[PDB]
Amino acid sequence: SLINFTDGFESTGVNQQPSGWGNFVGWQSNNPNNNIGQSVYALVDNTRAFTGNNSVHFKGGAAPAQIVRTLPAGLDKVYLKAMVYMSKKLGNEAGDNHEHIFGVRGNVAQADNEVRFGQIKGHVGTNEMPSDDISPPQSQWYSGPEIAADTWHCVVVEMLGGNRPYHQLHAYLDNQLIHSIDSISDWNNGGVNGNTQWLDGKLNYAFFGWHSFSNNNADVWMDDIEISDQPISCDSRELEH
Amino acid sequence: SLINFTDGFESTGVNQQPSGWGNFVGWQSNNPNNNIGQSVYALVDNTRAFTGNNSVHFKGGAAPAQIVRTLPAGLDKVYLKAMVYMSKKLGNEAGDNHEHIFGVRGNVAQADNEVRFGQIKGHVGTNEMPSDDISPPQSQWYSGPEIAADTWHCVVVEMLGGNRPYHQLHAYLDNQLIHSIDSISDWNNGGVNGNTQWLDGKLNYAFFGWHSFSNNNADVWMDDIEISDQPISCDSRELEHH
Ligand SMILES: [Ca+2]
Ligand SMILES: [Ca+2]
Ligand SMILES: [Mg+2]
Ligand SMILES: [Mg+2]
Ligand SMILES: [Mg+2]
Ligand SMILES: [Mg+2]
């Protein structure tokens, strides 16, 4: 209703930043050096794709490599979805700090006010900034469902904000629930400093890519991105490839 | 002489960013949220100092916390100096990736074109971006001189660029030489991609603070910072012979 967006990257040339998207590359919003000569980039690639010719290829690590899209004013909730292919797994990973593929941010220039989905402490899940809280709690770290390397996955994240008693997040892999934030006790460290409305101010930009706080370089490809304020799920082709 | 700058932080109020410096805090140049309410900052502090009442207190980690000074155009060399007090050590440290306290950068917006002195792979030394090369080589890693936690140190970094056959860096602790780069074989990964003039374009901004690529939070205090195109050293008081 406020946004119904899809992108398969098919109209953008190879080695170019996806048309219509901004970037967050090397900790800089709209880095002017997002190009195939750098070690960190977010560029269209026609050598791997889920549909059509093209995907977006993120090459990064500790230095983020992301595309970023503005979200409409007044969103209460958002759904992020993509076909995702990664060089390493997420989940069930000893030694991890945290790493993420999808998120929303409040301020374009900074990664210090955002919600980050991928894994935390080696379990699929979420990190919020600026609290630096993480979900799930410590009991579940370094275990749980895996998002395997070297295959296409259909990943969906639902973020429910606005006028409800407690903001929520649900993440899915191939339409199976793999992570939930339903109440304050789903956070490790006291629940985003006690803020029940913890998506407030976060839904200004959507971002996709690779960002590791575990010192791991990766290559990630995404295709068939969808962003909506109404629910999204994976279709027969995305499930059964 | 184009620059001969000293700062003891005595004229700035406590909890304020040092007057006349820029910042690089949480990966943003001149971050407007550099204040005592945040988890990452670079602020004047009177709870510890080497001279007078005040030092600059860096609180950071993976997220950098730094002050930044613009350097004059056309430097061929620069010396960076400070009294430094750290919550953890540099050097002789197992499992370290790299971390740094001093540096110079070419472009104010990014940490991807700079020279970084502190430790690399647990030995005191230097990391260059964008090559990501490190000095000394692998044989010396996780060993060598220590810059101990919880005491004041007088640290000097000498960077020699310009028209010489190979750019050099030397670092000194209490006037003792602890780290040198003066030949391509001092680099682990084959020498900044072959660039003999590897300080070219790097002497635009000097920075001081804490930045870990080893996921270590720290608190660092510095006092009596100096920047110059002529040599800088430590006086007997700074050496703490007592
Ligand atoms: Ca496509
Ligand atoms: Ca002082
Ligand atoms: Mg699949
Ligand atoms: Mg669809
Ligand atoms: Mg001393
Ligand atoms: Mg002096």
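Worth knowing before you read on, the calculation uses all heavy atoms, side chains too, and leaves out hydrogens, waters and symmetry mates. Below, chains carry the letters A, B, ... as their sequence lines are ordered, and counting in each starts from 1. Counting starts at 1 for both ligands and their atoms, following the listed order.
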Hey, is there an N, O or S on [X] sitting under 3.0 Å from the Ca ion (ligand 1)?
X     : result
A:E10 : yes
A:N53 : no
A:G8  : yes
A:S55 : no

Q. Between the main-chain N or O of B:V25 and the side-chain N or O of B:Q66, is there a donor-acceptor pair closer than 3.5 Å?
A.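 Answer holds: no.
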(Q) Tell me the angle that OD1 of A:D223 and O of A:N54 form around the Ca ion (ligand 1), rounded to 10°. (A)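 That angle is 90°.
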Q | B:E226, N/O/S atom nearest the Mg ion (ligand 6) | A |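 Going through the N, O and S atoms of B:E226 one by one, OE2 ends up nearest to the Mg ion (ligand 6).
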Q: Using side chain to side chain donor-acceptor pair (under 3.5 Å) as the criterion, point out the one residue from A:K89, A:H98, A:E93 that pairs with A:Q119.
A: A:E93
Q) Does any N, O or S atom of B:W152, backbone or side chain, fall under 2.8 Å from the Mg ion (ligand 5)? A) yes
Q: Measure the acute angle between the ring planes of A:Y85 and A:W221, then classify it against the limits of 30° and 60° as parallel, tilted or perpendicular.
A: perpendicular
Q.
Ignoring hydrogens and geometry beyond distance, is a side-chain donor-acceptor pair present between B:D219 and B:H57 at under 3.5 Å?
A.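 The answer is yes; a qualifying pair exists.
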Q) A:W210 and A:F58: aromatic ring centres closer than 6.0 Å? A) no
**Q.** Non-hydrogen atoms of A:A171 and A:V157 that approach each other most closely
**A.**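 That would be CB-CG2, 4.1 Å.
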Q.
Could you identify the N, O or S atom of B:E240 positioned closest to the Mg ion (ligand 5)?
A. OE1
